[PDB]
Amino acid sequence: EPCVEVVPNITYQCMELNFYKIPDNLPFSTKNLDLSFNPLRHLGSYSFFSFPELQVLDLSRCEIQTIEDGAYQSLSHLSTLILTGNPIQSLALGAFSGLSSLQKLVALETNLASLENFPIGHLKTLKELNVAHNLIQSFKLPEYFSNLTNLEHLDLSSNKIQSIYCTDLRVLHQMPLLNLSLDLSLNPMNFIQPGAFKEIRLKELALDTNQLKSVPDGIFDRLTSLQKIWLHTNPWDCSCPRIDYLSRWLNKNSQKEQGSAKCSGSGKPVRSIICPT
Ligand SMILES: *[C@@H]1O[C@H](CO)[C@@H](O[C@@H]2O[C@H](CO)[C@@H](O[C@@H]3O[C@H](CO)[C@@H](O)[C@H](O)[C@@H]3O)[C@H](O)[C@H]2NC(C)=O)[C@H](O)[C@H]1NC(C)=O
Ligand SMILES: *[C@@H]1O[C@H](CO)[C@@H](O)[C@H](O)[C@H]1NC(C)=O
């Protein structure tokens, strides 16, 4: 059965077997399938009909370029789907149809340019969405996010986001509350419109290694749910009183800040700056 049997009728390692399609010489009760590094090129409808028992499918670096409507139509118990490294250049509006139990979607490096046309509007069970390392330019969350009521982890790091406007998180208002861990680090971000995190419950915020020089006063006021924040490796402008707010704040919430936001030029910790009144 060319793939390796990690666990009888359960787990198999088919990576780098030079497959052009999904194998059929595997038990139907399979739960974990790793097909990474196989030139699959395309995924038509019912490409996993002979695996209605899957829960974890790894399709990393499979050279997949398109996924037709109902490609995973069968897979009703798939929990984790890894598509990392695939040069996707076409995604059917029903490409993810059939995944009624998907909790973790990993789409690192899949030429994603807009969450707008990202067909995940029907995945209510989605807990983690990792779309880091992509071409996303805007942080404006599509209104279909109001349907992803279980989403507790969102990674948009290493994309092309330049700023965070008040409208971006609009949708997160007209929907249920939840512990959302947001990662927006490693972005060419240099602006954050005032009051963009109000009424928004955030557990963790990652804004490190961007292009931020300053942040609106009171940007992190009512975030009692906040536990971890990253702001280090940013060209912070510590002139006064422009840096007054962030100074005191980061100084009070010291145990929350991971790493240390430093002043450009001096390299002085922003937390240890005191602006005269
Ligand atoms: C992985 O799946 C295979 C099925 O292809 C398992 O082997 C099969 O085991 C069943 C028993 O569950 C055997 O079927 C029948 O079992 C009854 C038990 O009462 C017995 O009375 C019958 O005579 C008959 O054996 C079947 O023969 C057998 N087939 C194979 C593969 O030889 C295998 O055990 C599974 N491995 C794991 C993960 O346990
Ligand atoms: C969930 O959101 C999608 C996207 O707008 C919508 O089509 C659907 O009716 C909503 N409810 C369901 C059926 O999940």
# chains A, B, ... in the order shown; residues from 1 in each chain; ligands from 1
call {"tool": "residues_near_ligand", "arguments": {"ligand": "ligand 1", "cutoff": "10 Å", "atoms": "only C-alpha atoms and all ligand atoms", "output": "list in words"}}
result
residues 7, 8, 9, 10, 11, 26, 27, 28, 29 and 30 of chain A
call {"tool": "residues_near_ligand", "arguments": {"ligand": "ligand 2", "cutoff": "12 Å", "atoms": "only C-alpha atoms and all ligand atoms", "output": "JSON list (two decimals) with N, CA, C and O atoms, in the first residue's frame"}}
result
[["chain", "number", "residue", "atom", "x", "y", "z"],
["A", 93, "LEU", "N", -16.49, 28.80, -4.97],
["A", 93, "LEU", "CA", -17.31, 29.34, -3.87],
["A", 93, "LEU", "C", -17.81, 28.20, -2.95],
["A", 93, "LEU", "O", -18.27, 28.45, -1.83],
["A", 94, "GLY", "N", -17.69, 26.97, -3.43],
["A", 94, "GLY", "CA", -18.10, 25.82, -2.65],
["A", 94, "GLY", "C", -16.93, 24.87, -2.48],
["A", 94, "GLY", "O", -17.11, 23.67, -2.30],
["A", 97, "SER", "N", -17.12, 23.07, 0.76],
["A", 97, "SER", "CA", -18.40, 22.45, 1.06],
["A", 97, "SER", "C", -18.21, 21.02, 1.54],
["A", 97, "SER", "O", -17.41, 20.27, 0.99],
["A", 99, "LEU", "N", -17.34, 20.23, 4.74],
["A", 99, "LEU", "CA", -16.56, 20.25, 5.98],
["A", 99, "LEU", "C", -17.37, 20.83, 7.12],
["A", 99, "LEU", "O", -17.11, 21.93, 7.59],
["A", 100, "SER", "N", -18.34, 20.07, 7.59],
["A", 100, "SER", "CA", -19.20, 20.55, 8.66],
["A", 100, "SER", "C", -18.66, 20.37, 10.09],
["A", 100, "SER", "O", -19.36, 20.63, 11.06],
["A", 116, "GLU", "N", -12.09, 38.27, 1.53],
["A", 116, "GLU", "CA", -13.39, 38.54, 0.94],
["A", 116, "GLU", "C", -13.95, 37.35, 0.18],
["A", 116, "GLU", "O", -15.07, 36.89, 0.43],
["A", 117, "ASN", "N", -13.15, 36.84, -0.75],
["A", 117, "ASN", "CA", -13.56, 35.72, -1.57],
["A", 117, "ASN", "C", -13.11, 34.36, -1.00],
["A", 117, "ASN", "O", -13.12, 33.35, -1.70],
["A", 118, "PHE", "N", -12.72, 34.35, 0.27],
["A", 118, "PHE", "CA", -12.28, 33.12, 0.92],
["A", 118, "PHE", "C", -13.55, 32.36, 1.33],
["A", 118, "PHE", "O", -14.26, 32.76, 2.26],
["A", 119, "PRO", "N", -13.84, 31.24, 0.63],
["A", 119, "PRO", "CA", -15.03, 30.40, 0.88],
["A", 119, "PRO", "C", -15.09, 29.63, 2.18],
["A", 119, "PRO", "O", -15.16, 28.41, 2.17],
["A", 120, "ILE", "N", -15.09, 30.34, 3.30],
["A", 120, "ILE", "CA", -15.15, 29.64, 4.58],
["A", 120, "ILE", "C", -16.34, 30.15, 5.37],
["A", 120, "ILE", "O", -16.45, 29.92, 6.57],
["A", 121, "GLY", "N", -17.25, 30.82, 4.67],
["A", 121, "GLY", "CA", -18.42, 31.38, 5.30],
["A", 121, "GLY", "C", -19.39, 30.40, 5.93],
["A", 121, "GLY", "O", -20.26, 30.80, 6.70],
["A", 122, "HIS", "N", -19.24, 29.11, 5.62],
["A", 122, "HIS", "CA", -20.15, 28.12, 6.18],
["A", 122, "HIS", "C", -19.55, 27.19, 7.23],
["A", 122, "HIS", "O", -20.16, 26.18, 7.59],
["A", 123, "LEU", "N", -18.36, 27.53, 7.72],
["A", 123, "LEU", "CA", -17.67, 26.73, 8.72],
["A", 123, "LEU", "C", -17.91, 27.32, 10.10],
["A", 123, "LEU", "O", -17.10, 28.11, 10.58],
["A", 124, "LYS", "N", -19.01, 26.93, 10.73],
["A", 124, "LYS", "CA", -19.36, 27.46, 12.04],
["A", 124, "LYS", "C", -18.52, 26.86, 13.17],
["A", 124, "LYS", "O", -18.33, 27.47, 14.21],
["A", 125, "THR", "N", -18.02, 25.65, 12.95],
["A", 125, "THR", "CA", -17.21, 24.97, 13.95],
["A", 125, "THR", "C", -15.74, 25.40, 13.95],
["A", 125, "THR", "O", -14.97, 24.95, 14.78],
["A", 126, "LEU", "N", -15.37, 26.30, 13.04],
["A", 126, "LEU", "CA", -13.96, 26.71, 12.94],
["A", 126, "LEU", "C", -13.33, 27.36, 14.17],
["A", 126, "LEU", "O", -13.71, 28.46, 14.56],
["A", 142, "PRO", "N", -14.61, 40.31, 6.40],
["A", 142, "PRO", "CA", -15.87, 40.13, 5.66],
["A", 142, "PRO", "C", -17.00, 39.86, 6.63],
["A", 142, "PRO", "O", -16.80, 39.22, 7.66],
["A", 143, "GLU", "N", -18.19, 40.34, 6.29],
["A", 143, "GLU", "CA", -19.33, 40.15, 7.17],
["A", 143, "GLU", "C", -19.72, 38.68, 7.41],
["A", 143, "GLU", "O", -20.52, 38.39, 8.30],
["A", 144, "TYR", "N", -19.15, 37.75, 6.64],
["A", 144, "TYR", "CA", -19.47, 36.33, 6.85],
["A", 144, "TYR", "C", -18.79, 35.82, 8.11],
["A", 144, "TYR", "O", -19.04, 34.70, 8.54],
["A", 145, "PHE", "N", -17.93, 36.64, 8.71],
["A", 145, "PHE", "CA", -17.24, 36.25, 9.93],
["A", 145, "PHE", "C", -18.20, 36.21, 11.10],
["A", 145, "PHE", "O", -17.88, 35.66, 12.16],
["A", 146, "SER", "N", -19.37, 36.81, 10.91],
["A", 146, "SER", "CA", -20.40, 36.85, 11.94],
["A", 146, "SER", "C", -21.04, 35.47, 12.07],
["A", 146, "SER", "O", -21.84, 35.23, 12.98],
["A", 147, "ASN", "N", -20.67, 34.57, 11.15],
["A", 147, "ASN", "CA", -21.18, 33.20, 11.13],
["A", 147, "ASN", "C", -20.16, 32.25, 11.77],
["A", 147, "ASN", "O", -20.51, 31.15, 12.19],
["A", 148, "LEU", "N", -18.91, 32.70, 11.86],
["A", 148, "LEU", "CA", -17.85, 31.88, 12.46],
["A", 148, "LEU", "C", -17.86, 32.19, 13.94],
["A", 148, "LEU", "O", -16.92, 32.77, 14.47],
["A", 149, "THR", "N", -18.92, 31.78, 14.61],
["A", 149, "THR", "CA", -19.06, 32.07, 16.03],
["A", 149, "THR", "C", -18.15, 31.30, 16.98],
["A", 149, "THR", "O", -18.15, 31.57, 18.18],
["A", 171, "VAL", "N", -17.73, 43.75, 11.84],
["A", 171, "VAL", "CA", -18.45, 42.48, 11.90],
["A", 171, "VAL", "C", -18.37, 41.73, 13.22],
["A", 171, "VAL", "O", -19.33, 41.09, 13.64],
["A", 175, "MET", "N", -22.16, 39.78, 16.50],
["A", 175, "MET", "CA", -22.01, 38.35, 16.67],
["A", 175, "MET", "C", -21.58, 38.02, 18.10],
["A", 175, "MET", "O", -21.21, 38.92, 18.86]]
call {"tool": "closest_residue", "arguments": {"among": "A:88, A:186, A:212, A:172", "to": "residue 133 in chain A", "atoms": "only C-alpha atoms"}}
result
A:186
call {"tool": "closest_residue", "arguments": {"among": "A:47, A:233, A:111, A:101", "to": "residue 71 in chain A", "atoms": "only C-alpha atoms"}}
result
A:47
call {"tool": "residues_around", "arguments": {"residues": "residue 251 in chain A", "least_positions_apart": "4", "cutoff": "9 Å", "atoms": "only C-alpha atoms", "output": "PyMOL selection string"}}
result
chain A and resi 246-247+255+270-273
call {"tool": "residues_around", "arguments": {"residues": "residue 63 in chain A", "least_positions_apart": "4", "cutoff": "9 Å", "atoms": "only C-alpha atoms", "output": "ChimeraX atom specification"}}
result
/A:37-42,85-88
call {"tool": "decode", "arguments": {"residues": "range 28-63 of chain A", "atoms": "N, CA and C atoms", "output": "short mmCIF file (atom, residue, chain, number, x, y, z; two decimals), in the first residue's frame"}}
result
data_model
loop_
_atom_site.label_atom_id
_atom_site.label_comp_id
_atom_site.auth_asym_id
_atom_site.auth_seq_id
_atom_site.Cartn_x
_atom_site.Cartn_y
_atom_site.Cartn_z
N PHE A 28 -11.07 2.30 4.79
CA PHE A 28 -12.07 3.36 4.81
C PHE A 28 -12.19 4.07 6.16
N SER A 29 -11.76 3.39 7.22
CA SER A 29 -11.83 3.92 8.60
C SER A 29 -10.70 4.89 8.93
N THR A 30 -9.84 5.15 7.96
CA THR A 30 -8.71 6.04 8.15
C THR A 30 -9.12 7.31 8.89
N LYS A 31 -8.22 7.82 9.72
CA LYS A 31 -8.52 9.03 10.46
C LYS A 31 -7.52 10.13 10.17
N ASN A 32 -6.27 9.74 10.00
CA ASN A 32 -5.19 10.68 9.77
C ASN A 32 -4.42 10.39 8.51
N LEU A 33 -4.47 11.33 7.57
CA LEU A 33 -3.80 11.18 6.28
C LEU A 33 -2.84 12.34 5.97
N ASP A 34 -1.55 12.03 5.78
CA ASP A 34 -0.52 13.04 5.46
C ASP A 34 -0.10 12.85 4.01
N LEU A 35 -0.62 13.68 3.11
CA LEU A 35 -0.25 13.54 1.71
C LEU A 35 0.71 14.61 1.24
N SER A 36 1.37 15.31 2.16
CA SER A 36 2.27 16.39 1.76
C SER A 36 3.31 16.04 0.68
N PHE A 37 3.70 17.04 -0.10
CA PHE A 37 4.70 16.86 -1.13
C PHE A 37 4.35 15.84 -2.21
N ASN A 38 3.12 15.88 -2.70
CA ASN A 38 2.68 15.00 -3.77
C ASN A 38 2.12 15.93 -4.83
N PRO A 39 2.55 15.77 -6.09
CA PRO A 39 2.07 16.62 -7.17
C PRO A 39 0.60 16.32 -7.45
N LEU A 40 -0.30 16.82 -6.62
CA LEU A 40 -1.71 16.55 -6.85
C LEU A 40 -2.28 17.51 -7.89
N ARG A 41 -1.65 18.68 -8.02
CA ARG A 41 -2.06 19.68 -8.98
C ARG A 41 -3.48 20.19 -8.85
N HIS A 42 -4.47 19.32 -8.92
CA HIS A 42 -5.85 19.77 -8.82
C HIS A 42 -6.65 18.86 -7.94
N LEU A 43 -7.70 19.40 -7.32
CA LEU A 43 -8.58 18.61 -6.48
C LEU A 43 -10.02 18.75 -6.97
N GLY A 44 -10.52 17.71 -7.64
CA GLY A 44 -11.88 17.75 -8.14
C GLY A 44 -12.87 17.38 -7.05
N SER A 45 -14.16 17.33 -7.39
CA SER A 45 -15.21 16.99 -6.43
C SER A 45 -15.07 15.54 -5.92
N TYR A 46 -15.40 15.34 -4.65
CA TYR A 46 -15.30 14.03 -4.00
C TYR A 46 -13.92 13.39 -4.18
N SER A 47 -12.87 14.15 -3.86
CA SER A 47 -11.51 13.64 -3.99
C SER A 47 -11.15 12.78 -2.79
N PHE A 48 -12.04 12.74 -1.81
CA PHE A 48 -11.79 11.95 -0.61
C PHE A 48 -13.04 11.20 -0.21
N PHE A 49 -13.77 10.72 -1.20
CA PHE A 49 -15.00 10.00 -0.92
C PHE A 49 -14.71 8.65 -0.27
N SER A 50 -13.53 8.11 -0.53
CA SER A 50 -13.14 6.82 0.03
C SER A 50 -12.45 6.97 1.39
N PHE A 51 -12.72 8.10 2.05
CA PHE A 51 -12.14 8.43 3.36
C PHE A 51 -13.13 9.24 4.19
N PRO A 52 -14.40 8.82 4.24
CA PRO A 52 -15.43 9.53 5.01
C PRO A 52 -15.19 9.49 6.52
N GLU A 53 -14.05 8.93 6.91
CA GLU A 53 -13.69 8.81 8.31
C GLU A 53 -12.52 9.72 8.71
N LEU A 54 -12.05 10.56 7.79
CA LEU A 54 -10.92 11.45 8.09
C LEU A 54 -11.19 12.49 9.16
N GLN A 55 -10.13 12.87 9.86
CA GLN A 55 -10.24 13.88 10.91
C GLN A 55 -9.06 14.85 10.80
N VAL A 56 -8.01 14.40 10.13
CA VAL A 56 -6.80 15.19 9.92
C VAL A 56 -6.21 14.89 8.55
N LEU A 57 -6.18 15.90 7.69
CA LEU A 57 -5.66 15.74 6.34
C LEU A 57 -4.57 16.79 6.06
N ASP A 58 -3.36 16.34 5.76
CA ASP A 58 -2.24 17.25 5.48
C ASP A 58 -1.90 17.25 3.99
N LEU A 59 -2.21 18.35 3.29
CA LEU A 59 -1.93 18.47 1.86
C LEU A 59 -0.84 19.51 1.57
N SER A 60 0.10 19.68 2.50
CA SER A 60 1.16 20.66 2.33
C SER A 60 2.02 20.46 1.08
N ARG A 61 2.42 21.57 0.48
CA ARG A 61 3.28 21.57 -0.71
C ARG A 61 2.87 20.49 -1.71
N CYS A 62 1.60 20.48 -2.08
CA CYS A 62 1.12 19.46 -3.03
C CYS A 62 0.92 20.02 -4.43
N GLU A 63 1.44 21.23 -4.63
CA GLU A 63 1.37 21.91 -5.91
C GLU A 63 -0.06 22.11 -6.38
#
